[PDB]
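Q: Starting off with a structure, shown below.
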Amino acid sequence: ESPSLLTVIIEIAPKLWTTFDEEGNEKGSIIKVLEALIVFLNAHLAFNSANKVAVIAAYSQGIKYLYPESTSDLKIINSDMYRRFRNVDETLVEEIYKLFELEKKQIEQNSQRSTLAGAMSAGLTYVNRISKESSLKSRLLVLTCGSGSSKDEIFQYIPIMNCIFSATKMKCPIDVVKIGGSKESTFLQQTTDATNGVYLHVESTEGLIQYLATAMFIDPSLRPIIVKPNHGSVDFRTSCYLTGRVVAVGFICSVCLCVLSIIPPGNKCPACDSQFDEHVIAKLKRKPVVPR
Amino acid sequence: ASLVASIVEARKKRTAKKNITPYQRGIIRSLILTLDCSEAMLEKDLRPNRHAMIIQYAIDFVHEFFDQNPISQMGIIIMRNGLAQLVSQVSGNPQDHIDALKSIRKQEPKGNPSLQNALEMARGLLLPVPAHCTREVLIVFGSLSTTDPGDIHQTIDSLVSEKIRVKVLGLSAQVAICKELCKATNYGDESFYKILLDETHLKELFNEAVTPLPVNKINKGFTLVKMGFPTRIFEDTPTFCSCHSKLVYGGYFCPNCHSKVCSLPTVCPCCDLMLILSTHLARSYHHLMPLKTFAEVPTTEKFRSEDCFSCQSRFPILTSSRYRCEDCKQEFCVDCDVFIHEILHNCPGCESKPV
Amino acid sequence: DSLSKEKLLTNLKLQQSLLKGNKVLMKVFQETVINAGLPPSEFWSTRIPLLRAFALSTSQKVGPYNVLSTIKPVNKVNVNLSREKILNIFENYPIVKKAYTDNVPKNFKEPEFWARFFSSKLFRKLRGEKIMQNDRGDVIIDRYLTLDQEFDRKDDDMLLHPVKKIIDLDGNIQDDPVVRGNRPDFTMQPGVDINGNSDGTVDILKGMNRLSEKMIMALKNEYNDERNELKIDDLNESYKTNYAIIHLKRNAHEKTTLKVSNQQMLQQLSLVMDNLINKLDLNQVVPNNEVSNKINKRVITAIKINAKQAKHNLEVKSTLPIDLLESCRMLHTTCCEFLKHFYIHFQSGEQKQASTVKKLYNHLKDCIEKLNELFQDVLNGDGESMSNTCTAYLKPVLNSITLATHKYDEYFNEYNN
Amino acid sequence: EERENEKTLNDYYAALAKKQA
Ligand SMILES: [Zn+2]
Ligand SMILES: [Zn+2]
Ligand SMILES: [Zn+2]
Ligand SMILES: [Zn+2]
Ligand SMILES: [Zn+2]
């Protein structure tokens, strides 16, 4: 039908990749993933002649517009391959090596925040840019190494929700590929379900070629005539603000609107300092009255 | 010489948006749009006629209001022939009011208005409304006068006493009684009696009315509210729903009394408790966490970068179009500035910059 | 007024009115009270907003308007009378209402009466038409001319009231009671006819002024300050909003219900940069077709599972007998009504609610037994061919109902036992 | 009480009357 603007974000982080390859033994698994993605973009740009690809990597200290080159020469890959495929693959391996050399250079400073949401947002802006230019299908791909330490997704939660709402406005499914020890990533699974995206987690770096060639090929040209393969289901619930556990039925602030599994101490808001009404909370604490 | 006029127009525009505040703004809303369908809106003076464009704009208003603020109920009462006619009860489903408005499409606007009757029955409809819900009414009006059965000032006093606000979007020009309504209801403010100048201005006004409004410190109602996240099932068998009493393949299940429903964000029909998703409550967080404006750096001074930080394009070169996020110390293009300030609700420069 | 819960429950006539308006409300109410014998107050206790909405819809009335001005004379004339406008004329003109009520129920017909009315000079006088002796009018209607005149005098007497001196032109012209000047111009004074009498334009102007006064006193019905009046707001301070800003303190609890080292990650990082600059082969990515076959098995299993999920993507089409379908829908509906009322009683939480809770518990038990007996009926009507589907269709409401019964029993054992 | 009973019985007649209609 139409050229599908391909959006691929690769979450590269040595804190995750070192953790994964030390947990297992597949050194160069990230290289295997990169080669698989090279074949994936080849298969995509051979599926359609103009389904343009946006490739962005988010490193530890920030993000990088990988494909294409900025608005401001060895060849590792073979010379017998296709021209456009070769150009893209050579450009990406050059950009990848430059980013990895940079990452080796500035390895020793510490930044504990994931940049996945910012990378996703910048990619969505570029999707707006491409779609506003000249009619193009929007499909967003994330590659993550989930074997790293799940430190704090709490500050990541809000912009991820904002990105979900934006992609909902933009009809862009958010398809998730996870490689890690943890089977489940709740926010990503919710993201896939809300955006009609595809969630998938495995561990072995082998066979990802067949995995994301078979499953991860759904385009908006043929989305309604393809069943989604996701098996997990999400309650769309959140952990409590002061106890950190998910709540089924509970309480939220009339002002801050944060989930309270229990009564806040001092009857004041733990988010926006609103003192509440004692008769209201006593009625909430009321037991039912039962006949003797 | 058009760029100088554009620059001074942008300056006079930005003088209004210089002050950005984190006011407490209402989330549990209660919005009523009454419609007059009288002889005045039969004028074809604006193309095709006032009735058609207010129908179309009300369709858009319903969509935008339910998208941005799904945590409110919407009621519509039409005004026709000296009678105000309820056509839409307050409900969580926008589609009901969409169908009612589609009925309003084919019928013929005629008669004379009565804001007394309209606001009185709007008050009565707004009577069984809980405390946290912010009762507010949008009123469209095309007449310069109002035939009424009795006094309007008693109604004004009662509405002020019952803590309901109004906002009037008049068509032709200012009407002094509507100015009086807006001022007295709105604590002396004059920022509620608005008159369009063309249909584009009407569109902008409707978009402005979409937004939540700030609340007053003296009007203090700070409390909690009971809430319950339900669970969705996907069953093989069709099952009877509680609401519409008919067989449903899927449906959410009640967290408290374990009944099933058909739509969300809705309250329970059985345990009678509100059921939402965390997406719905986080939907207004941009209102809860506003975004600072981005400043163009001057063309005379030295520049940190010469191409856009976010969209990655070259900055064009008389003046300098480098809108800087002072919170992240990065300059951006106008397109990215627009997108981050309106569509997006986060600054990726501030996402990359660690705190 | 007619706005309390007691008033809305009391208005049995209005209750019957919207009953007769709906049809599913006869169905529901008949099953609720005619069939199940529920207290109809508690029936209407849920539908209180609907009752008030119906009342307020029925309760409004229009404002006054110049109905005679909207009357047009329209060869021949054909009467095209509107009853609402006839009553509007009656309300606006009690003289015309009286002339109707003493003549039509006594002497002649309504359309004949209105033809005589339109013929009458009293109609012209009450409208914006100068009376003329060339017009003959209607004698029967024009007998009321002096009655309307003394009505006008009495109404003007009622309309008289004292005036504020701030705007009192009578005080303004009574500034100097000994003004001795010259007689003013005939041009600017109220002109008269040849024989000194007036034409009566002053009469018609004071009449329309009386109409205006009557309209504004109809507004002014049952349903010092000059300090505020002379305020010059243009030189005053602008109003500023007292809206409260909100901050947000941020301290979230961690999610509740081995550590890597810089040396080791640096060693691996050095090694993997060595591998990166060393080599990269696209051709080695091809799998071993056996672990790949297990991947095929996993993928196809996921496809089968989610396809069976998608296989069950007006209500659904069903092969039920239509009567039994209606009966089971009805039973589901009344069970839902019972359950909602029982929850209303339970979540209320009073000792006054106790007998209500007990009785609704009995009703829920009765509904359970009736569901079981219905299951026996579809049992011996189908041989469980689709009586299984009947049981499964009525299952979840039964599960919720019996869960509520268990909750009631548990709280009974909590409090009493 | 007793005077409420004829009111419901009046509603009983009206419910039966609307049934045939
Ligand atoms: Zn709060
Ligand atoms: Zn339903
Ligand atoms: Zn419930
Ligand atoms: Zn830009
Ligand atoms: Zn920033």
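Residue numbers (the authors' numbering), protein chains in the order written: chain 4, 21 to 92, 106 to 167, 171 to 328; chain 6, 96 to 412, 422 to 459; chain 1, 167 to 240, 245 to 393, 413 to 446, 462 to 517, 536 to 639; chain W, 349 to 369. The beta-carbon is built from N, C-alpha and C at its ideal position, and this holds for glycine as well.
Give me the Cα-Cα distance between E572 (chain 1) and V464 (chain 1), rounded to the nearest whole angstrom.
A: The sequence position of residue 572 (chain 1) within the third sequence is 350, counting from 1. The sequence position of residue 464 (chain 1) within the third sequence is 260, counting from 1. Between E572 (chain 1) and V464 (chain 1), the C-alpha separation is close to 59 angstroms.
Q: Compare the C-beta of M322 (chain 6) with all C-beta atoms of chain 4 and state if any pair is closer than 8 angstroms.
A: Taking the second sequence and counting its residues from 1, one reaches residue 322 (chain 6) at position 227. Yes, contact with chain 4.
Q: Pull up the distance between the alpha-carbon of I290 (chain 6) and that of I30 (chain 4), whole angstroms please.
A: The residue you call residue 290 (chain 6) lines up with position 195 of the second sequence. The residue you call residue 30 (chain 4) lines up with position 10 of the first sequence. About 51 angstroms.
Q: Within the 8 angstroms Cβ cut-off, does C276 (chain 4) reach chain 1?
A: Counting from 1 along the first sequence, the entry for residue 276 (chain 4) is found at position 240. It does; some Cβ of chain 1 falls within 8 angstroms.
Q: Quick check on DSSP: helix, strand or coil for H353 (chain 6)?
A: In the second sequence, counting from the first residue as 1, residue 353 (chain 6) sits at position 258. Correct three-state label for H353 (chain 6): coil.
Q: Between the C-alpha atoms of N352 (chain 1) and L419 (chain 1), what's the straight-line distance to the nearest angstrom?
A: What you label residue 352 (chain 1) is simply residue 182 of the third sequence in a count that begins at 1. What you label residue 419 (chain 1) is simply residue 230 of the third sequence in a count that begins at 1. If I take the Cα positions, the gap works out to 36 angstroms.
Q: Give the straight-line distance between the Cα atoms of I214 (chain 1) and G219 (chain 6), rounded to the nearest whole angstrom.
A: Translated into positions along the third sequence, residue 214 (chain 1) becomes position 48. Translated into positions along the second sequence, residue 219 (chain 6) becomes position 124. About 12 angstroms.
Q: Applying a beta-carbon distance threshold of less than 7 angstroms, which residues of chain 1 neighbour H64 (chain 4)?
A: In the first sequence, counting from the first residue as 1, residue 64 (chain 4) sits at position 44. Within chain 1, no residue comes near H64 (chain 4); the closest Cβ sits about 15 angstroms away, beyond 7 angstroms.
Q: For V261 (chain 6) and chain 1, any beta-carbon pair shorter than 8 angstroms?
A: For this step, residue 261 (chain 6) is matched to residue 166 along the second sequence. No, its Cβ sits nowhere closer than 8 angstroms to a Cβ of chain 1.
Q: In whole angstroms, what separates the C-alpha of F443 (chain 6) from that of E189 (chain 4)?
A: As a first step, residue 443 (chain 6) must be located in the second sequence, where it is residue number 339. As a first step, residue 189 (chain 4) must be located in the first sequence, where it is residue number 153. Taking the straight line from one Cα to the other gives about 25 angstroms.
Q: With which residues is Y347 (chain 6) paired in a DSSP beta bridge?
A: For this step, residue 347 (chain 6) is matched to residue 252 along the second sequence. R327 (chain 6).
Q: Regarding residue 242 (chain 1) and ligand 2, is the C-beta to nearest heavy atom distance less than 7 angstroms?
A: Within chain 1, the sequence of modelled residues goes 240 then 245, so residue 242 (chain 1) has no position in this structure.
Q: If you measure from each CB to the nearest heavy atom of ligand 5 and keep those under 5 angstroms, what residues do you get, in chain order?
A: After applying the 5 angstroms Cβ criterion, the set is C429 (chain 6), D431 (chain 6), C432 (chain 6), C451 (chain 6), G453 (chain 6), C454 (chain 6).
Q: Nearest to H563 (chain 1) by CA position, among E636 (chain 1), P206 (chain 1), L178 (chain 1), is which residue?
A: Within the third sequence, the letter at position 341 stands for residue 563 (chain 1). Of the listed residues, the one whose Cα sits closest to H563 (chain 1) is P206 (chain 1).
Q: Tell me which residue opens and which closes the alpha helix (DSSP H) that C199 (chain 4) is part of.
A: The count along the first sequence starts at 1 and reaches residue 199 (chain 4) at position 163. Looking at the DSSP string, the run of the alpha helix (DSSP H) that includes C199 (chain 4) is 190 to 206.
Q: Can you name the residues of chain 1 whose CB is closer than 7 angstroms to the CB of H267 (chain 4)?
A: Mapped onto the first sequence, residue 267 (chain 4) falls at position 231. Simply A506, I509, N510.
Q: Tell me whether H382 (chain 6) sits in a helix, a strand or coil according to DSSP, three-state version.
A: The sequence position of residue 382 (chain 6) within the second sequence is 287, counting from 1. The answer is helix: DSSP assigns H382 (chain 6) an H, G or I state.
Q: Nearest CA to the CA of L383 (chain 6): which residue from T306 (chain 6), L239 (chain 6), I149 (chain 6), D131 (chain 6)?
A: Stepping through the second sequence from its first residue, residue 383 (chain 6) is reached at position 288. Ranking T306 (chain 6), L239 (chain 6), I149 (chain 6), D131 (chain 6) by Cα distance to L383 (chain 6) puts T306 (chain 6) first.
Q: Report the rounded CA-to-CA distance for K205 (chain 6) versus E134 (chain 6), giving the unit in angstroms.
A: Looking up residue 205 (chain 6) in the second sequence gives position 110. Looking up residue 134 (chain 6) in the second sequence gives position 39. Computed Cα separation, rounded: 5 angstroms.
Q: Quick one: does the C-beta of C294 (chain 4) sit closer than 7 angstroms to a heavy atom of ligand 1?
A: Walking along the first sequence from the start, residue 294 (chain 4) turns up at place 258. Yes.
Q: Between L372 (chain 6) and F324 (chain 6), how many whole angstroms is the CB-CB distance? I'm expecting something under 8 angstroms.
A: The count along the second sequence starts at 1 and reaches residue 372 (chain 6) at position 277. The count along the second sequence starts at 1 and reaches residue 324 (chain 6) at position 229. At roughly 7 angstroms, the Cβ-Cβ gap stays under 8 angstroms, so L372 (chain 6) and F324 (chain 6) are in contact.
Q: Against chain 4, with Cβ distances strictly below 8 angstroms, would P491 (chain 1) count as a contact?
A: Stepping through the third sequence from its first residue, residue 491 (chain 1) is reached at position 287. Output row for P491 (chain 1): interface = yes.
Q: Anything with a beta carbon under 5 angstroms from a heavy atom of ligand 2 counts; list them all in chain order.
A: My final list is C336 (chain 6), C338 (chain 6), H339 (chain 6), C357 (chain 6).
Q: Report yes if the C-beta of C365 (chain 6) is less than 7 angstroms from at least one heavy atom of ligand 1; otherwise report no.
A: Counting from 1 along the second sequence, the entry for residue 365 (chain 6) is found at position 270. Checking every heavy atom of ligand 1 against the Cβ of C365 (chain 6), none is found closer than 7 angstroms.
Q: Rounded to whole angstroms, what's the CA-CA distance from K193 (chain 1) to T326 (chain 6)? Just pull it up for me.
A: As a working mapping, residue 193 (chain 1) is identified with position 27 in the third sequence. As a working mapping, residue 326 (chain 6) is identified with position 231 in the second sequence. Each residue's alpha carbon lies about 32 angstroms from the other.
Q: Kindly indicate which residue of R380 (chain 1), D305 (chain 1), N367 (chain 1), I434 (chain 1) has the alpha-carbon position closest to the one of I313 (chain 6).
A: Position 218 of the second sequence holds residue 313 (chain 6). When only C-alpha atoms are compared, the closest one is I434 (chain 1).
Q: Rounded to a whole number of angstroms, what is the C-alpha to C-alpha distance between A249 (chain 4) and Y235 (chain 4)?
A: Your numbering for residue 249 (chain 4) matches position 213 in the first sequence. Your numbering for residue 235 (chain 4) matches position 199 in the first sequence. For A249 (chain 4) and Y235 (chain 4), the distance between alpha carbons rounds to 14 angstroms.
Q: Label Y118 (chain 6) either buried or exposed according to how many other C-beta atoms from any shown protein chain fall within 10 Å of its C-beta, with 16 as the threshold for buried.
A: Along the second sequence, read from residue 1 onward, the residue named residue 118 (chain 6) stands at position 23. When all chains shown are included, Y118 (chain 6) counts as buried.
Q: Give, in chain order, every unbroken run of the alpha helix (DSSP H) that is at least 4 residues long and sits entirely within the region 254 to 303 of chain 1.
A: The region 254 to 303 of chain 1 contains these whole alpha helix (DSSP H) runs: 264 to 271, 280 to 289, 291 to 296.
Q: Whole-angstrom Cβ separation of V316 (chain 4) and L319 (chain 6), contact assumed at under 8 angstroms?
A: Within the first sequence, numbered from 1, the residue matching residue 316 (chain 4) stands at position 280. Within the second sequence, numbered from 1, the residue matching residue 319 (chain 6) stands at position 224. Between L319 (chain 6) and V316 (chain 4) the Cβ distance is about 6 angstroms, and since that is below 8 angstroms, they are a contact.
Q: Less than 8 angstroms between the CB atoms is what I'm expecting for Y152 (chain 6) and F335 (chain 6), so what's the real figure, rounded?
A: What you label residue 152 (chain 6) is simply residue 57 of the second sequence in a count that begins at 1. What you label residue 335 (chain 6) is simply residue 240 of the second sequence in a count that begins at 1. Not a contact, Cβ separation roughly 39 angstroms.
Q: Could you give the residue range of the beta strand (DSSP E) that holds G265 (chain 6)?
A: Residue mapping note: residue 265 (chain 6) aligns to position 170 of the second sequence, counting from 1. 260 to 265 is the span of the beta strand (DSSP E), which, as asked, contains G265 (chain 6).
Q: Is the separation between the beta-carbon of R124 (chain 6) and that of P309 (chain 6) shorter than 8 angstroms?
A: The residue labelled residue 124 (chain 6) in the question sits at position 29 within the second sequence. The residue labelled residue 309 (chain 6) in the question sits at position 214 within the second sequence. Result no, Cβ atoms of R124 (chain 6) and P309 (chain 6) do not sit closer than 8 angstroms.
Q: Closest Cβ-Cβ distance between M192 (chain 1) and chain W: below 8 angstroms?
A: Counted from its first residue, the third sequence places residue 192 (chain 1) at position 26. So yes, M192 (chain 1) belongs to the interface.
Q: Under 8 angstroms between the Cβ atoms of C199 (chain 4) and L172 (chain 4)?
A: Position 163 of the first sequence, counting from 1, holds the residue named residue 199 (chain 4). Position 136 of the first sequence, counting from 1, holds the residue named residue 172 (chain 4). Not closer than 8 angstroms, so no.
Q: Closer than 7 angstroms to a non-hydrogen atom of ligand 1 - does that hold for the CB of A433 (chain 1)?
A: Position 244 of the third sequence, counted from the first residue, corresponds to residue 433 (chain 1). No, Cβ of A433 (chain 1) sits at least 7 angstroms from all heavy atoms of ligand 1.
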